[PDB]
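This is what each chain is made of:
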Amino acid sequence: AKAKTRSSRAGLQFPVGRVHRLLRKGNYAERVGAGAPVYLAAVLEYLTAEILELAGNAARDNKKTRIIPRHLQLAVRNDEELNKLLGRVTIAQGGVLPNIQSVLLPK
Amino acid sequence: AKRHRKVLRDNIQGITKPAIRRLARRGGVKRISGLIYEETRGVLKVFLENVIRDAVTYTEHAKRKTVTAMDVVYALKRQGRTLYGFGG
Amino acid sequence: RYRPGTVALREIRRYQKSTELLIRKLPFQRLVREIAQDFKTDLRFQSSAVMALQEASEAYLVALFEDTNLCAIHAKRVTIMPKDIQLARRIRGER
Amino acid sequence: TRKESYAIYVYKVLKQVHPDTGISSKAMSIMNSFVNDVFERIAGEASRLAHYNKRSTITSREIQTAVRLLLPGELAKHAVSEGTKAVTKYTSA
Amino acid sequence: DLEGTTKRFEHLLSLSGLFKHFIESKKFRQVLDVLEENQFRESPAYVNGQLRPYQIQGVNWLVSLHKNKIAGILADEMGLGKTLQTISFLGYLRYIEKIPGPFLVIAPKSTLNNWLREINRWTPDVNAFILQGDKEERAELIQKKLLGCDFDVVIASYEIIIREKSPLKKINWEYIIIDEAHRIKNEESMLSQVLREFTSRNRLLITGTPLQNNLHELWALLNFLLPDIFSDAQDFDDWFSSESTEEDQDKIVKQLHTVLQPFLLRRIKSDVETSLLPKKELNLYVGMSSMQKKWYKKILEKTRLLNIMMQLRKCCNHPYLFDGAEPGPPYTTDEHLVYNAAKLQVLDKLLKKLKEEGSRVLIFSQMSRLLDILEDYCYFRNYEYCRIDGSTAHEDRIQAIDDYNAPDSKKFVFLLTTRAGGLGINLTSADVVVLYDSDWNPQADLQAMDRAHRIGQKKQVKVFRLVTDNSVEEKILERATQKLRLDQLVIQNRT
Ligand SMILES: Nc1ncnc2c1ncn2[C@@H]1O[C@H](COP(=O)(O)OP(=O)(O)O)[C@@H](O)[C@H]1O
Ligand SMILES: [Mg+2]
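Residues numbered from 1 in each chain as written, not as in the entry; some residues may be left out. Chains lettered and ligands numbered in written order. Part of a larger assembly, values for the part shown. Heavy atoms only, no water. Residues with missing side-chain atoms left out of burial classes, pairs and counts.

Naming follows the PDB entry, where chain C appears as Histone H3 of Xenopus laevis. Here the PDB entry title reads "Structure of isw1-nucleosome double-bound complex in ADP-ADP+ state". Entered under Sequence similarities (unreviewed entry) in the UniProt record, the comment concerning chain C runs "Belongs to the histone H3 family." (UniProt positions renumbered as here; feature names shortened; annotations may be inferred.)

Structure below.
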């Protein structure tokens, strides 16, 4: 019969066969269920969509039509939840968030 | 009388005073004392010592002689400063 | 000409906008080779490895300088000093 | 050669969310690394979670629990809701 | 396009069209499928001055190549007056053909002003507008002159053309010339890459050493002048039957003798009595020293001891370079330095044997650090010396060369490096040089010994070459030799 992928019949875009393959041959457990790849693909897709939307917002805020590591840095550090999740990472070529202490400004 | 290599400069002093000041400004400071330069050089040297030690350990385990960027990423993540962009 | 501090705020604005590298490339690369000499003789280094090392070092030093600046401001000052940087490192479980 | 990427899937999600933008190569590599890192975090937490309960099977229950343990605040809630939606749609279809 | 493209084909077939390999294999096949069915002998003075007899036919060769509309490389030897023979051709276009400008004078930074000096002395009333200087004086010079479309001769250095490309990219050109063209030998070199996009009718390349490293480099020169004709190295390198050595009976080489006949013009310094004196050589073999014998064995069997092959060349030169081989502190400059150097032991005696003869030795050494050992050894022997090595500015260089090239001068040993800048430096007031260390490229040492052998040299000049025994140097010299000998079998039998 004609074959349709688990990604399609699950509604997602991220791959489910690849996730299942990694979970199996990743020495995570002896035997792997049949809904875990779907759940993991859904979660990864959600996180990717969230950060990408914030990055696109920043990119258009700077009048540009291509997301760059600077915009990734800016979105991640301006959203507090993603900032906590990615608190310990350092996006390469991301620069720093603009900030000058109030005391340092002139009178 | 200069067959020997009497002329040479130290490597840690290659981290110039204005480079320290550029880092300081991006951090967001407004006035820098005179000893920040030496202290910063010391701190940077210690950090590099640790990271490079772990990276070299990885490379010599793998039976190689080149320290790869992915090995450096492994060492850095082990230290606990995961780095995004250089693969992995 | 300019009152003191004006150029300082100007440079802070300059350098918090940019994303470039701040330490020169070849001096840092030479330092990396020299400091890696002792652990094991005859190590090669590829450019991506050295670049990752420089990225990590710059990020570390920038965060350290933010912590030092906050320490200095806490003590009713605006100049940073080795006292400030030592306190900042030792309170982060490094010293 | 033949190195797996996630790049095409990231681009698909991008063209879904903002269908007029693009991604530079460095940004794409950063995003791929982010996906791999979060994947390995979730998988490791699920592995430890199954090992703690004398259980020898990764399944959706501890995938969900690992998601709830790692993602903070509203992220956990939204991700859990979306995961359950996807898995129920998959089993139904 | 095709009118010239076709016309060049049978013209190649016209004058000794013995190619018969790539003229037909080459998408020009269908273009030639249509045709498949089938003078200034007076030393002319339109440019001012008289031209010595053997220089004219080169110009007419350029004229004939222009009259046939094909690019060509001349291969006049150093000091033969390529400068005059170049500008004369441009005068031909300005006077006989009445086509003045535009043209480039792409040249090394050292000779930027030199050609303009020679340009006016045989052809005044010329539009020479050299583009050189800081970021500013160059910049406004672009609009008034380069963007003014009011020039005929444009002088700009290798570094300049890679900087001011955008102006010169826009400007159409007739001819483009590059002096000492061998820098175009890596076809992926960024300067060679840029010149691909320069619009011109034909190009002129000036050289004396076309073949230095391989025969692959020649095609890169050929890929520049006539990209359509050659357009490939597989038909040039491999088709030539592995440098025509293991599968030749002196026949395919005979083919290439006439294949690249109408493209090069190499005239010998033998046919003119300028130096009027043949050169001499020794290949003296140095018994390797004792402490070196320790190190060479130590390096082999397994401090930065990487790139083994050159490391062994350090041991073959002087063990004192290894940081520790010499006796420890305190440091003295005495005969103990001479013992631990197999070459210097031999070199020391010969340095004495020429002192009484009034000779002045011109040491050419690799690894400028090696000079420092010789410098202090020179200091030990109380010898008159001056140094001109890398990292010494030209004003320091010229005063240094004056000390050597002074009337009733007294300097005995004058240190250099195997490269030592451009050909321009004049060392004809000397009689002996020493190639203390050999080089991979024999041409890289060919012109270095031509530093002494240049024009005006009356007395015989003696050239040495120290060779370590049963070591790495043994294989390098034959590697240079066969690469050197490759030149004769390829070039040194046309003219
Ligand atoms: N017919 C001639 N009469 C007088 N002098 C000449 C003649 N031809 C060449 N010369 C001189 O010989 C010198 C040779 O220089 P040349 O080898 O062309 O320099 P480069 O090697 O930089 O091209 C020139 O400076 C020129 O002045
Ligand atoms: Mg010349």
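Now that the structure has been shown, the text picks up again.
### Some points on the interface of chain D and chain A
Of the residues lining the interface, 55 residues belong to chain D; the matching set on chain A comes to 53 residues. Elements represented by at least two residues in the side of chain D that touches chain A include exactly helix 1 (7–17), helix 2 (25–52), strand 1 (57–58), helix 3 (60–70) and helix 4 (74–92) of chain D. In terms of residue count, helix 2 of chain D provides more of the side of chain D that touches chain A than any other element does, 15 residues in total. Considering only residue class, the side of chain D that touches chain A consists of 29 nonpolar, 17 polar and nine charged. Where strand 1 (residues 31–32) of chain A and strand 1 of chain D come together, two bridges link them in parallel fashion. Each bridged residue has a counterpart across the sheet, and for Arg31(A) the counterpart in strand 1 of chain D is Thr57(D). (Contact = heavy atoms within 4.5 Å. Helix = DSSP H or I, 4+ residues; strand = E, 2+ residues; numbered from the N terminus. Nonpolar A, V, L, I, M, F, W, Y, C, P; charged D, E, K, R; others polar. Pairing = 2+ DSSP bridges.)

### A look at the arrangement of the chains
With seven pairs of chains in contact, the largest contact count belongs to chains A and D. Chain D makes no contact with chain C, the minimum C-alpha separation between the two being 13 Å. At their nearest point, the C-alpha atoms of chain A and chain E are still 27 Å apart, with no contact between the two.

### Side note on the UniProt feature "domain: Core Histone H2A/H2B/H3" (unreviewed entry) in chain C
Listed under "domain: Core Histone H2A/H2B/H3" (unreviewed entry) in the UniProt record, and renumbered for this structure, are residues 4–91 of chain C. Overall, residues 4–91 of chain C shows 69% helix and 5% strand. The separation of its end C-alpha atoms is 32 Å.

### So, the interface of chain B and chain A
Listed by partner, the interface residues are eight residues for chain B and eight residues for chain A. Taken together, the links from chain B to chain A amount to zero salt bridges. Counting the contacts that link chain B with chain A gives three residue pairs in polar contact. Tallied by class, the residues present in the side of chain B that touches chain A amount to three nonpolar, two polar and three charged. Summarising the sheet, strand 2 (residues 90–91) of chain A and strand 3 (residues 83–84) of chain B pair through two bridges and their orientation is parallel. Bridged to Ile91(A) within strand 3 of chain B is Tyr84(B). (Salt bridge = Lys/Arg side-chain N within 4 Å of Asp/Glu carboxyl O. Polar contact = N/O pair within 3.5 Å; in protein donor to acceptor, adjacent residues only side chain to side chain.)

### Examining the sheet that holds strand 9 (residues 413–417) of chain E
Residues and elements named next belong to chain E. Spatially, 5-11-10-7-9-8 is the arrangement adopted by the six strands of the open sheet, whose pairing is parallel. Looking at which strands have only one partner, the edges of the open sheet turn out to be strand 5 (280–281) and strand 8 (385–387). Pairing geometry for strand 8 and strand 9, over three bridges, is parallel. Each bridged residue has a counterpart across the sheet, and for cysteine 386 the counterpart in strand 9 is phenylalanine 414.

### Section: the site of ligand 1
Residue and element names in this part refer to chain E. The environment of ligand 1 is formed by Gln50, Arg52, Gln55, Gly79, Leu80, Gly81, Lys82, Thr83, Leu84, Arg121, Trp122 and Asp179. The separation between an oxygen atom of ligand 1 and a polar main-chain atom of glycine 81 is 3.5 Å. Alone, ligand 1 offers 570 Å² of accessible surface; in the complex the protein occludes 72% of this. If you list the elements that add at least two residues to the shell around ligand 1, you get helix 5 (82–95) and helix 6 (112–122). In terms of residues, the shell around ligand 1 owes the most to one element, helix 5, which gives three residues. Among the residues making up the shell around ligand 1, the classes are represented as three nonpolar, five polar and four charged. (Near = heavy atom within 4 Å. Areas by Shrake-Rupley, 256 points an atom, 1.4 Å probe, with all protein chains shown as cover.)

### Quick word on the environment of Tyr383(E)
All names here are of chain E. Tracing the sequence through the fold places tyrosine 383 in the loop between helix 19 (369–380) and strand 8. Each C-alpha atom of the pair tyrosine 383 and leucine 354 lies 12 Å from the other, and the pair is 29 residues apart in sequence. Ignoring anything within four residues of it in the chain, the contact list for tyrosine 383 reads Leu351, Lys352, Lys355, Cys378, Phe412 and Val413. At 2.5 Å, the side chain of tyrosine 383 and the side chain of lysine 352 are in polar contact.

### Quick word on the nonpolar core
Core analysis: the largest hydrophobic core is formed by 77 residues, its most contacted members being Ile106(E), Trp173(E), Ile176(E), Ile178(E), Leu195(E), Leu205(E) and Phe230(E). Beyond its immediate stretch of four places on either side in the chain, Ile176(E) contacts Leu104(E), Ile106(E), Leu195(E), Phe198(E), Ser200(E), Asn202(E), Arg203(E) and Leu204(E). (Core = buried A, V, L, I, M, F, W, Y, C linked by side-chain atoms within 4.5 Å. Buried < 20%, exposed > 50% of the residue type's maximum accessible area, 1.4 Å probe, protein only.)

### Considerations on the side chain of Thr207(E)
All names here are of chain E. Among the structural elements, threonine 207 can be located in the loop between strand 3 (202–206) and helix 11 (216–225). At 3.2 Å, the side chain of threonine 207 and the backbone nitrogen of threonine 209 are in polar contact. Setting aside its immediate chain neighbours within four residues, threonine 207 contacts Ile73, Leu74, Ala75, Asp76 and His182.

### A look at the sheet that holds strand 2 (residues 175–179) of chain E
Reading across from one edge, 2-3-1-4 (chain E) is the order of the four strands in this open sheet, with parallel pairing throughout. A single partner strand is all that each edge strand has here, and the edge strands are strand 2 and strand 4 (264–265) of chain E.

### Quick word on the packing of aromatic side chains
The relation between two aromatic rings is expressed through the spacing of the ring centres and the mutual angle of the planes. All chains considered together, the criterion is met by 17 aromatic pairs over all chains. These aromatic residues form a ring-pair network of at least three members: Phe40(E), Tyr46(E), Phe89(E), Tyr92(E), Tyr95(E) and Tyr175(E). Over the aromatic face of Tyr2(C) sits the side chain of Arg10(C), whose NZ or CZ is 4.8 Å from the ring centroid. (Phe/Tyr/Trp six-rings, centres within 6.5 Å; stacked < 30°, edge-to-face > 60°. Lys NZ or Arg CZ within 6 Å of the ring centre and 35° of its normal.)

### So, the pairing of strand 11 (residues 462–465) of chain E
All names here are of chain E. With burial as the criterion, each face of strand 11 is covered, one bearing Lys462 and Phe464 and the other bearing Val463 and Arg465. Relative to strand 11, strand 5 is paired through two bridges, and the arrangement is parallel. The partner of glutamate 281 across the bridge, within strand 11, is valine 463. Crossover connection from strand 10 (residues 432–435) via helix 21 (residues 442–452) to parallel strand 11: handedness right-handed. (Right-handed = clockwise from strand over helix to strand, strands pointing away.)

### Some remarks on helix 2 (residues 36–61) of chain B
Helix length check: helix 2 of chain B, at 26 residues, gives a terminal C-alpha distance of 38 Å against a target of 38 Å (1.5 Å per residue), a fit within 8%. Just downstream of helix 2 of chain B lies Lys63(B), where phi reads positive at about 55°. (Expected span 1.5 Å × (residues − 1).)

### Observations concerning the pattern of salt bridges
Under the counting rule described, the total for this entry stands at 35 salt bridges over all chains. For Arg81(B), the salt bridge goes to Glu94(C), with nearest N and O atoms at 3.8 Å. Residue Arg81(B) is located in the loop between helix 3 (69–79) and strand 3, and its partner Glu94(C) is located in the segment after helix 4 (82–90); the two belong to separate chains. A relative accessible area of 25% places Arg81(B) in the partly exposed class. Here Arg163(E) and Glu159(E) are joined by a salt bridge, their closest N and O atoms 2.9 Å apart. Connected through salt bridges with shared partners, the residues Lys2(B), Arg5(B), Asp372(E), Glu375(E), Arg387(E) and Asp389(E) form a single ionic network.

### Examining helix 22 (residues 472–490) of chain E
Here helix 22 of chain E contains 19 residues, and its C-alpha end-to-end distance of 28 Å stays within 8% of the 27 Å for a straight helix at 1.5 Å per residue. Each element contacted by the buried residues of helix 22 of chain E is listed here: helix 15 (290–300), helix 16 (308–317), helix 18 (342–355), helix 21, strand 11 and strand 12 (467–468) of chain E.

### Concerning the environment of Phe364(E)
Of note, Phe364(E) is situated in strand 7 (residues 361–365). Spatially, the C-alpha atoms of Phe364(E) and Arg465(E) are 9.7 Å apart, while their sequence positions differ by 101 residues.

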